[PDB]
Amino acid sequence: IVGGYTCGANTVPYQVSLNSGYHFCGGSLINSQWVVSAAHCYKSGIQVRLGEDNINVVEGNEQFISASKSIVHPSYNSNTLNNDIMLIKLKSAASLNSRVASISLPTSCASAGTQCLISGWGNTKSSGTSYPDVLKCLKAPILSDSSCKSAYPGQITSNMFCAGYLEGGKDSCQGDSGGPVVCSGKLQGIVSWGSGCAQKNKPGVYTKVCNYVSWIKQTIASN
Ligand SMILES: N=C(N)c1ccc(NC(=O)Nc2ccc(Oc3ccccc3)cc2)cc1
Ligand SMILES: [Ca+2]
């Protein structure tokens, strides 16, 4: 996260770190056995790390559960990043509580103007690289479909929305991928792509989670 702030330990209880020997993507816990992330974060050998604040230090609230299976959305296209969503099942259910909690899926799509919370352990610099050990947070508005398409012409499909600040300075970044964009307590986006991080007129682009609720529910119902 570029231009964000330190969340505070376990203040984002649904935030997940996907680790394969190292943190490589964020994710959101949506019930005791399932995590949602970006399909572009797909990897064999995922261990889900819940209850994390400093991902490099064992602090006392973590749960480390290997993934038993991953399901990349059937229509995910890696070239356009259209339908950039994936579900991960945990081999054992997580113990839910105040510090490790699931986030609700949306009943309706969010609208332009809604302020949302985006969090992750990604890069905090637009020029340079510095990866924090603790979770960073950014409050950011959903942008209109027209400003999203003006910023990235010919690239925004109906399964994507932009969120952020067209002046730059505040954005998600590499390493934040697969992580949450929560608006009014509902998971509305997944950190997916953007040109650079925090550049002027190049906001973050996010998977539009409301389009996937029936698929998430149906998939969890049979797996
Ligand atoms: N400005 C941001 N908010 C922002 C910018 C970039 C990313 N990260 C990103 O775009 N990652 C990425 C996406 C697709 C990729 O493409 C792949 C294609 C095939 C296989 C694997 C990855 C690779 C990296 C996240 C947030
Ligand atoms: Ca830790």
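We count residues from 1, following the sequence as given.
Remark: the backbone N or O of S75 is not paired with any side-chain donor or acceptor of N77 at under 3.5 angstrom. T80 contributes a side-chain N or O that, together with a main-chain N or O of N82, makes up a donor-acceptor pair within less than 3.5 Å. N31 contributes a side-chain N or O that, together with a main-chain N or O of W34, makes up a donor-acceptor pair within less than 3.5 Å. Between the side chain of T6 and the main chain of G8, no donor-acceptor pair closer than 3.5 Å is present. Panel note: side chain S37, backbone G26; a donor-acceptor pair is recorded below 3.5 Å. A donor-acceptor pair is defined here as one N or O able to donate and one able to accept, closer than 3.5 Å; such a pair exists between the side chain of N123 and the backbone of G128. A donor-acceptor pair is defined here as one N or O able to donate and one able to accept, closer than 3.5 Å; such a pair exists between the side chain of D176 and the backbone of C173. Side-chain N or O atoms of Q15 include none that pairs as donor or acceptor with a backbone N or O of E52 at under 3.5 Å. Side-chain atoms of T114 never come within 3.5 Å of backbone atoms of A110 as a donor-acceptor pair (strictly under, hydrogens ignored). Of the possible donor and acceptor atoms, one in the side chain of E62 sits under 3.5 Å from a partner among the backbone N and O of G60.
Within the 4.5 Å cutoff, the side chain of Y165 has no heavy atoms near those of the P203 side chain. Counting only heavy atoms from C-beta outward, the side chains of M160 and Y152 never approach each other to under 4.5 Å. Here the side chains of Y206 and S172 are in contact, with some heavy-atom distance below 4.5 Å. Side-chain contact check for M86 versus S70: some heavy-atom pair is nearer than 4.5 Å. Taking the side chain as every heavy atom from C-beta outward, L81 and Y76 approach each other to under 4.5 Å. Two residues are said to be in side-chain contact when any heavy atoms from C-beta on lie closer than 4.5 Å; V35 and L90 meet this criterion. In this structure, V57 and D133 have side chains that are not in contact, with every pair of non-hydrogen atoms separated by 4.5 Å or more. Inter-residue side-chain proximity for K208 and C210 is flagged as met; some heavy-atom pair is nearer than 4.5 Å.
Residue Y22 is not grouped with residue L135 when hydrophobic side chains (ILVMFWY) are merged at heavy-atom distances under 4.5 angstrom, including chains of intermediate members. In the hydrophobic cluster analysis, where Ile, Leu, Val, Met, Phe, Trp and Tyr join through side-chain heavy atoms closer than 4.5 angstrom, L18 is grouped apart from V191. Transitive grouping of hydrophobic side chains (ILVMFWY, heavy atoms separated by less than 4.5 Å) keeps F161 and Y212 in distinct clusters. Residues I190 and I30 share a hydrophobic cluster, clusters being chains of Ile/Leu/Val/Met/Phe/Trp/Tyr side chains in contact below 4.5 Å. The hydrophobic clustering, which links ILVMFWY residues whose side-chain heavy atoms are closer than 4.5 Å, places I46 and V16 together.
Between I142 and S111 the shortest heavy-atom distance is CB-O, 3.5 Å. The minimum heavy-atom distance between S28 and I103, with the atom names listed, is CB-CG2, 4.2 Å. Of all the heavy atoms in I85 and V36, the pair that sits closest is CG1-CG2, 3.7 Å. Across all their heavy atoms, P132 and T124 have their closest contact at CD-CG2, 3.8 Å. Nearest heavy atom pair, residue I55 against residue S17, reads CG2-OG, 4.0 Å. For the pair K186 and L105, the tightest heavy-atom approach, listed with the atom from each and the gap, is CD-O, 3.8 Å.
Within a 6.0 Å sphere centred on CD of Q115, heavy atoms belonging to other residues, nucleotides or ligands number more than 12. Atom OH of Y42 is surrounded by 12 or fewer heavy atoms from other residues, nucleotides or ligands within 6.0 Å. Open room surrounds NZ on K217; 12 or fewer heavy atoms of other groups in view lie less than 6.0 Å from it. Crowding of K43 atom NZ: a count of heavy atoms from other residues, nucleotides or ligands under 6.0 Å exceeding 12. Counting heavy-atom neighbours within 6.0 Å of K89 NZ, excluding the residue itself, gives a total above 12.
Of the N and O atoms on the side chains of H40 and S78, not one donor lies less than 3.5 Å from an acceptor on the other residue. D84 and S192 share a donor-acceptor pair across their side chains, judged by distance under 3.5 Å alone. Between the side chains of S144 and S147, at least one donor N or O sits under 3.5 Å from an acceptor N or O.
A side-chain contact (heavy atoms from CB on, under 4.5 Å) with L29 is found for exactly one of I88, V48, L96, namely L96. Of the candidates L87, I71, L187, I216 forms a side-chain contact (heavy atoms from CB on, under 4.5 Å) with just one, namely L87.
Put simply, CG on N61 and CG on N10 are 4.5 Å apart, with the number rounded to the nearest 0.5 Å.
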Could you walk me through whether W121 and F24 pass the ring pair (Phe, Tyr, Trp, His ring centres under 6.0 Å) check? CA-CA 9 Å; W121 291 274; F24 67 95; over 10 Å; no
